[PDB]
Protein chains: 2
Amino acid sequence: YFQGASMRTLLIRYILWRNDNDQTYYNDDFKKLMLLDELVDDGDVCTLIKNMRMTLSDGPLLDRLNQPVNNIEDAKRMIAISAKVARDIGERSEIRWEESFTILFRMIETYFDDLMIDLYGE
Amino acid sequence: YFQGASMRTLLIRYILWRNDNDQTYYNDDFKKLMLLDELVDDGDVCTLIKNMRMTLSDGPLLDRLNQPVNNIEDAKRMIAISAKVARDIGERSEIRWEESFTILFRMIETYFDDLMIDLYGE
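Conventions adopted
- Residues numbered from 1 in each chain as written, not as in the entry; some residues may be left out.
- Chains lettered and ligands numbered in written order.
- Heavy atoms only, no water.
- Axes fitted to C-alpha atoms, helices over the stretch in contact; angles between N-to-C directions.
- Helix = DSSP H or I, 4+ residues; strand = E, 2+ residues; numbered from the N terminus.
- Parallel < 35°, antiparallel > 145°, perpendicular 65-115°, else oblique.
- Contact = heavy atoms within 4.5 Å.
- Nonpolar A, V, L, I, M, F, W, Y, C, P; charged D, E, K, R; others polar.
- Buried area = accessible area lost by both parts, 1.4 Å probe.
- Salt bridge = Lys/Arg side-chain N within 4 Å of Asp/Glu carboxyl O.
- Polar contact = N/O pair within 3.5 Å; in protein donor to acceptor, adjacent residues only side chain to side chain.
- Least-squares fit on C-alpha atoms.
- Buried < 20%, exposed > 50% of the residue type's maximum accessible area, 1.4 Å probe, protein only.
- Arc of directions from axis to C-beta.

- As stated in the entry header, the method of structure determination is X-ray crystallography and the reported resolution is 2.420 Å.

Here is the structure:
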């Protein structure tokens, strides 16, 4: 069977696909990550973006929310926020995804093993 | 017709696919980038990795080569080195791709428009 080697690799692909919605870059691996959208209301996203003081060259700047990641549920919500901010900011060349991903992974990499089990485990 | 919005997004996807060789993550956008493999001999890759002083947690650390990027040809060769180092280091969770991509894009983002034209232009 498949077990994906790198939560980093999978999350980068997922979030870039939420940004461009290119059906040639869809992957069935993404449907367990799309279920996490329920953890964040669409009406809260504009406020999260305002609070992160995001400019045109920024992806999600999750550390500026001053919302801690203490458990896997908190980690799942950071993926959901990343996903909806990525969708809402639009497909644009100037977005420095590397900086966004540096912040996301600093905040959640501790949870990667537990996230893989919880999402794709039997 | 298609014209891809973000050389960042395309290069991250390309290099992660060169790393895991997952056929579910292949994209026809990648074949123009695979032609650049000729710019770097397979026998030079072990030396480039040694010179970059790469550990288990590192992707390509291109700035440690002290090889400048002065033109699009130099930029294309940095994508080829990234591609073959990614393939050669193997699929591993500890690789901090964000740091690798931060370095690559600092070095080549000036060339993104000229790279898009040269690779995918008519």
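With respect to the packing of helix α4 (residues 72–89) of chain A against helix α6 (residues 112–120) of chain A
Residues and elements named next belong to chain A.
- Their axes nearest at 10 Å, the elements α4 and α6 cross at an angle of 80°. Judged by the angle between their axes, α4 and α6 are roughly perpendicular. Only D114, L115, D118 and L119 of α6 make contact with α4, whose side of the interface consists of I72, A75, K76 and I79.
- A class-by-class count of the residues in the contact of α4 with α6 yields five nonpolar, no polar and three charged.

A short note on the interface of chain B and chain A
- Listed as interface residues are 28 residues of chain B and, on the opposing side, 28 residues of chain A.
- Taking both partners together, chain B and chain A bury about 2400 Å²; carbon and sulfur atoms supply 47% of that area.
- The three residues of chain B that bury the most area against chain A are B:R13, B:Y25 and B:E98, which together make up 30% of that side's buried surface.
- The shortest N-O distance in the salt bridge between B:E98 and A:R8 comes to 2.6 Å.
- Linking chain B with chain A are twelve residue pairs in polar contact, by the criterion used here.
- If you list the elements that add at least two residues to the side of chain B that touches chain A, you get α1 (7–20) and α5 (97–108) of chain B.
- Of all the elements, α1(B) adds the most residues to the side of chain B that touches chain A, at eight residues.
- A breakdown of the residues in the side of chain B that touches chain A according to their chemical character gives twelve nonpolar, six polar and ten charged.

Digging into the relation of the copies chain B and chain A
- You can overlay chain B on chain A at an RMSD of 0.0 Å; the transform is a turn of 180° with a shift of 0.0 Å along its axis. Taken together, the rotation angle and the small translation identify this as a two-fold axis. Relative to the rotation axis, the C-alpha of B:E98 is the closest in chain B, positioned 2.6 Å from it.
- The share of interface residues of chain B whose copies in chain A are also at the interface is 100%, consistent with both copies meeting through the same surface.

Focus: the environment of B:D63
- Within the secondary structure, B:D63 is located in the loop between α3 (45–52) and α4 (72–89).
- A C-alpha to C-alpha distance of 19 Å links B:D63 and B:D88, two positions 25 residues apart in sequence.

Let's talk about helix α3 (residues 45–52) of chain A
Residue and element names in this part refer to chain A.
- Of all the residues in α3, the buried ones are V45, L48 and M52. The buried residues of α3 occupy an angular sector of 60° when projected down its axis, which confines them to one face. Turned more than 90 degrees away from the buried face of α3 sit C46 and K50, all of them exposed.
- Contacts from the buried residues of α3 go to α4.
- In the segment just after α3, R53 is the residue with positive phi, at about 60°.

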